[PDB]
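Asks: Below is a structure I'd like to ask you about.
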Ligand SMILES: CN(C)Cc1ccc([C@H]2C[C@@H]2C(=O)Nc2nc3ccc(-c4cn[nH]c4)cc3s2)cc1
Ligand SMILES: CN(C)Cc1ccc([C@H]2C[C@@H]2C(=O)Nc2nc3ccc(-c4cn[nH]c4)cc3s2)cc1
């Protein structure tokens with residue numbers, strides 16, 4: 355991908371904590389979000408290298424990397440509405456169910472591509488999705521939190537695209553609940569035992585029974601019983617089409 | 355990339371021919389341009408494969424490939440204003456100079472990325488760029504790693534020698550198209566006339582809407598020797614400075 359010179363970046367305002377994130381411009385033209393880098400530089404950079412070779416409409420894009428001056432940073436396209444979790448909260452009460460479903464559809468399209476690419480996200484959550492023009496949703500940080525973790529993950533550290541699917545289920549809950557916090561006020565140990573016991577998140581009122589069904593498919597205890605993103609995509613679309 | 359089942363595509367209206377292109381939807385949801393494939400299927404597909412691993416905000420994207428039934432098709436994101444050449448022609452008279460310069464920047468950003476990846480476009484012209492929301496421009500048809522003299526550098530029309538530097542020559546002509554609002558380059562001229570004019574150092578006149586600064590950059594792109602043309606990476610900074618300076 356393209357190397358970007360420090361001189362070409364305008365840092366207009368912070369909007370992120372972690375490294376940090378700024379709203380800015382590149383070449384005084386393109387609106388961008390700039391991510392400044397503990398964690399090795401080479402890993403931070405390789406993460407960008409991975410994402411710059413994964414092109415999908417529902418996956419965020421970089422303009423490039425700025426390695427000249429410390430701290431180094433990555434330059435992403437600016438997303439007009441920012442993080443999905445925030446957007447859900449601020450726009451709470453304005454969402455039709457069809458729209459919320461559309462959002463899950465976007466993410467699932469992104470993830471089905473990643474799945475195909477043999478890429479495991481490991482941290483899929485609304486906070487790791489972005490909201491752009493016309494409320495299109497993109498997945499972010501896909502080139503590398522018990523509440524989004526599958527049972528085999530928090531128990532055996534066994535990641536797969538199937539563990540990502542679990543996380544996607546929780547993302548769906550976040551979306552349909554208009555940005556509520558999952559297992560709020562529950563400790564990590566409580567989440568683990570509760571889920572191992574069979575507990576699942578409740579159906580948010582804007583989620584039809586059809587939507588909740590799919591959520592529960594994502595939350596199947598055995599990875600092999602969860603649908604791959606590619607099949608999950610068609611399940612979600614079917615719900616939309618049936619009205 | 356993702357495989358797309360034929361059942362998932364709705365074909366609304368034909369928007370282009372050349375395979376055919378249709379406005380459509382995938383999953384009754386995402387607005388898409390579907391490109392239906397004589398030419399090799401394996402090449403048609405590899406083209407998509409190349410494009411799916413090149414992610415840049417100024418390069419067009421695919422939702423996936425639909426292989427299951429012939430004629431097979433590629434499924435691109437829909438670009439609301441379509442082909443840049445067409446858009447320029449239909450909206451001729453309405454563009455501000457700043458808008459036209461912004462369009463060249465968009466393309467140059469995409470090309471710098473391809474350049475860095477050692478991807479040689481070979482057919483960089485307005486008709487091979489697309490205009491999306493907010494009039495962003497994306498480069499298209501950059502996946503073919505394996520006629521049109523009007524976009525051809527001398528080393529191309531003489532020796533069929535392609536490189537990022539011949540792409541840059543082509544880009545210069547693209548700039549001309551943009552600032553001329555979709556006019557035909559070398560309109561009254563035969564191929565041999567073009568070869569002669571270029572070979573003797575002559576270049577496309579400066580369009581009314583191009584400033585002298587814009588025209589300077591066109592001319593850098595039209596250096597006789599490829600080694601004298603700036604890389605897309607450097608061209609970018611030249612273009613940005615002109616927007617800045619006003
Ligand atoms: C009021 N309007 C017109 C101006 C305005 C100002 C600020 C914002 C911020 C919510 C917008 C935002 O946060 N955009 C972002 N885009 C990205 C893109 C990528 C990344 C990113 C990718 N990996 N790491 C970070 C973060 C952001 S935040 C929106 C609108
Ligand atoms: C007016 N509205 C309601 C209908 C309508 C009809 C036609 C158009 C055409 C300008 C639109 C257009 O042609 N869009 C296109 N998008 C793409 C995207 C990718 C590709 C492509 C990439 N490789 N090969 C083809 C071609 C097109 S044409 C817009 C709106």
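Residue numbers (the deposited numbering), protein chains in the order written: chain A, 355 to 372, 375 to 393, 397 to 503, 521 to 619; chain B, 355 to 372, 375 to 393, 397 to 505, 520 to 619.
We treat Cβ as the ideally placed atom computed from N, Cα and C, and that holds for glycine.
#1: What are the residues of the stretch 585-619 of chain A that lie near chain B, defined by any Cβ-Cβ distance shorter than 8 Å?
#2: Using 8 Å as the limit for Cβ to Cβ distance, is residue 355 (chain B) near chain A?
#3: Can you find the residues in the same chain that come closer than 8 Å, C-beta to C-beta, to residue 428 (chain A), ignoring five residues on each side of it along the sequence?
#4: Do residue 459 (chain B) and residue 616 (chain B) count as a contact pair if the criterion is CB distance below 8 Å?
#5: Ligand 4 and residue 369 (chain B): does the residue's C-beta get closer than 7 Å to at least one heavy atom of that ligand?
#6: Of all the alpha helix (DSSP H) runs that stay within the bounds of the stretch 536-616 of chain A, which reach a length of 4 or more residues?
#7: Out of A:473, A:487 and A:425, which one is the CA nearest neighbour of residue 445 (chain A)?
#8: Is it buried or exposed for residue 532 (chain A), if we count other Cβ within 10 angstroms and need 16 for buried?
#9: Report the CB separation of residue 443 (chain B) from residue 485 (chain B) in whole angstroms; it is logged as a contact under 8 Å.
#10: Please name the residue in B:392, B:548, B:538 and B:381 whose C-alpha comes closest to that of residue 480 (chain B).
#11: Can you tell which of A:476, A:432, A:455 and A:475 has its C-alpha closest to the C-alpha of residue 551 (chain A)?
#12: At the level of alpha carbons, what is the spacing between residue 417 (chain A) and residue 416 (chain B)?
#13: Alpha carbon to alpha carbon, how far is residue 583 (chain A) from residue 557 (chain B)?
#14: State the Cα-Cα distance for the pair residue 387 (chain B) and residue 408 (chain A), rounded to the nearest angstrom.
#15: Which of the residues in the stretch 409-420 of chain A, read from start to end, lie with their CB under 8 Å from any CB of chain B?
#16: Residue 530 (chain B): buried (16+ other C-beta within 10 angstroms of its C-beta) or exposed?
#17: Can you tell me whether residue 413 (chain A) is helix, strand or coil according to DSSP?
#18: In three-state DSSP terms, what is residue 364 (chain A)?
#19: Can you give me the C-alpha to C-alpha distance between residue 590 (chain A) and residue 607 (chain A), rounded to a whole angstrom?
#20: Under a three-way DSSP split, which group does residue 469 (chain B) fall into?
#21: Is the beta carbon of residue 411 (chain B) closer than 8 Å to that of residue 426 (chain B)?
#22: Am I right that residue 612 (chain B) and residue 464 (chain B) are in contact with their C-beta atoms under 8 Å? What's the rounded C-beta distance?
#23: Do residue 565 (chain B) and residue 542 (chain B) count as a contact pair if the criterion is CB distance below 8 Å?
#24: Is the beta carbon of residue 581 (chain B) sitting closer than 8 Å to the one on residue 594 (chain B)?
#25: Against chain B, which members of the stretch 462-475 of chain A pass a CB distance test of less than 8 Å?
#26: From the beta carbon of residue 406 (chain A), is the nearest beta carbon of chain B less than 8 Å away?
#27: When you compare each of A:553, A:477 and A:438 to residue 493 (chain A) by their alpha carbons, which one comes out closest?
#28: Going by DSSP in three states, residue 385 (chain A) sits in which element: helix, strand or coil?
#29: Restricting to Cα atoms, I'd like to know which of B:573, B:577 and B:401 is closest to residue 547 (chain B).
#30: So, does the CB of residue 363 (chain A) fall closer than 8 Å to a CB anywhere in chain B?
#31: Going by alpha carbons, who is nearest to residue 431 (chain B) out of B:478, B:377 and B:414?
#32: Buried or exposed for residue 540 (chain A), going by 16 or more other Cβ atoms inside 10 Å?
#33: In its own chain, which residues sit with a C-beta less than 8 Å from the C-beta of residue 588 (chain A), not counting the 5 before and 5 after it?
#34: Counting along the chain, where does the alpha helix (DSSP H) carrying residue 443 (chain B) start and finish?
#35: When the distance is taken between beta carbons, is residue 406 (chain B) closer than 8 Å to residue 470 (chain B)?
Replies: Concretely, from the data shown:
#1: 606, 609, 610, 613, 616 and 617
#2: yes
#3: 360
#4: no
#5: Ligands present in the displayed structure are limited to ligand 1 and ligand 2, and ligand 4 is not among them.
#6: 537-552, 564-572 and 585-594
#7: A:487
#8: exposed
#9: 4 Å
#10: B:538
#11: A:455
#12: 12 Å
#13: 55 Å
#14: 29 Å
#15: 410, 411, 412, 413, 414, 415, 416, 418 and 420
#16: buried
#17: coil
#18: strand
#19: 11 Å
#20: helix
#21: no
#22: 5 Å
#23: no
#24: no
#25: 464, 468, 471, 472 and 475
#26: no
#27: A:438
#28: coil
#29: B:577
#30: no
#31: B:377
#32: buried
#33: 579
#34: 443-449
#35: no
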